[PDB]
Every structure is written in C-alpha cells, then in structure tokens.
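First, one chain by itself in structure tokens, the form deposited in one PDB entry.
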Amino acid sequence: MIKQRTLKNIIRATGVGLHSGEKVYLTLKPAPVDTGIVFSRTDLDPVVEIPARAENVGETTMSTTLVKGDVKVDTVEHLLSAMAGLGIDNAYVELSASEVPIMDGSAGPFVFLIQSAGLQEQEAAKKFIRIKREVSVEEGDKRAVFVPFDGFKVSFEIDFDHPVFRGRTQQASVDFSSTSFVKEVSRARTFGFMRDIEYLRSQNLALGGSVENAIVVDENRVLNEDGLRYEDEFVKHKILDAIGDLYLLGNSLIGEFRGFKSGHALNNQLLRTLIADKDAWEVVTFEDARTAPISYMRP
C-alpha cells in the first residue's frame, strides 16, 4: 500500500517571523497515524494545539493564519508546502511564538532539515482527497479551481503591472504525481515591494522581512545582490503557497489546482467550498503503490 509518513527524528530550527520579526524556536516531532499536522504554541501555559485544517484558518490577509480563540499560528503556508511536497501525513510542529520562522523565504531549508532527519513509513494506508467534480471560486478578478486529474498537478498565473515580470505574464504548470516538488518549487522564495514596505511595517506586517528571506522588488529591479533562483521564481512561489494552503484539507490531493491571481484568502474559500460539496470529492487509499497515480521519494 502507499503508507502514511512521519518524521524519523525530531528537527529543531531557530528563525524569525516574516511579519512579526519575533525570534521563534521550531521543533517538528513524529506523530501517530492519522494525527495530521498539528501546530503547538509551547510558549503558552497550558500549551495550545491547532490542527492544520481549513476550519482553523482565521486571517488570510498577508499569510495563512491558524486560530484558536485569541491564540494564532501565523504564516504556516511554506512549512505546510514542505510537509505536503514530501508526503508527511503526521507531525507535531511546536513554536515558541505566534509565527513560523520564514528561513530564506522558501521551503528549501525545511525540506533540507526534514530530509536530513529522514521519514518513517507507518503501518496505515495514506489517505488522499480525490477531486470528483470541478469546484471553482471567484472574488471578481481572481479564480481558484479544483479539476479531476489522475495525479497531482498545479497551474498558476499571476499578472502584476510591474516591469520586473519580464514584460511576459509569468504562468507555470507542474505535475507532482512523481517527485518534481523539491527540484521545481521547493526553493522559490516569497517576494514583496519597496513601494509597500513602510505602510505594511505601520500595520506591524513584514517586520522580519529582508533580502535574506525575500525577493525585494524596487520600481524596476529585484534588489537582491544574487537575483533569482529561477526565471519564474515568482509564479513558482505562488505554486509553493497553493500546495501548503491546499494541505489544510488534511490529506494529499488527487486532482488539479488552477490559480488565477489567487492568494491565501481565495485558496481557503476554495477548500471550504470543496469540503461543503461532498459529491465533489471522496477519500481514497491505495493497497498497491504500483497502480496509484501518485508516487513518493524513497523514505
């Protein structure tokens, strides 16, 4: 069968929240079968746990935020993308502060630490959410779609009137039914504009943000000394974001996601819309990895 996966070993990372600027200690732990990804504020007494599930999304403003009462876990999308990309079903994610560390602004450092620690297959069928019917949401200009697809593939298009974007509108489509995640999207960094930065810092947003953890876009140029990891790094990062927001379903997807100027807000409306429409999806397992439409890296 395709089996559930957890961490082989505990991972510890220190970093800074992108939005909060707060210093945060991250500990990823193995978790039992069917735990899913559960975030835990270990700075609070008692400790507050929040499953990474669509129903626990609060603010979807400049990040995906999980809420339980007053308690928030901010900017989960890059870590969850890493979890989803590597096929990790079960883990505890402990944080000493509200926000996941931004690292280099990609999922790269997370996939490096996880893959260094290694993965543990568990004696239980991995569950997938299979898209059975088209499901679509639109906030005027913006579109987010699930389509039936025998595998896992993500298409995105952004279209910002800004000279940095080649003049050519950056679009990408990636099939992740095999092992393209690490190579293709893992290293694509978040990005923001010199134009917006003083106002956002006014709203206590992007306080931790620097060239060290983001693509910083001037009027006409990327400011980073070393420029871009990829020609389409911007749209690849939007794909990384979508994979993490989609993992809030709680299981890997069998289907196609298509985003059109989509962000955290619309991604979350699409999951809620999907979850409501029970004829549009079912949960499937695979007793024989050889006939499954998804394959995973050696553990």
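Note that residue numbering begins at 1 and tracks the sequence as displayed. For clarity, a rigid core is taken as the largest C-alpha set superposing within 1.5 Å between two forms.
Beyond what is shown, the protein has a form deposited in another entry; the following relates to that form.
A.B. asks: Against the rigid core, a Cα displacement of 2 Å or more between this form and the one not shown applies to just one of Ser96, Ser210, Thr179, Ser136. Which?
C.D. replies: Comparing the C-alpha positions, the one residue that moves 2 Å or more is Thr179.
A.B. asks: Once the core is superposed between this form and the one not shown, does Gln115 show a C-alpha displacement of at least 2 Å?
C.D. replies: Where the cores coincide, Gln115 shows only a C-alpha shift between this form and the one not shown that is less than 2 Å.
A.B. asks: Closer or farther: how do the CA atoms of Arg168 and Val182 lie in that other deposited form, compared with the form shown, if the change is at least 3 Å?
C.D. replies: Closer in that other deposited form, by 3 Å or more.
A.B. asks: Given that the shift is 3 Å or more, do the Cα atoms of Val185 and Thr169 end up closer or farther apart in that other deposited form than in this form?
C.D. replies: Distance between the C-alphas of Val185 and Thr169: shorter in that other deposited form, by 3 Å or more.
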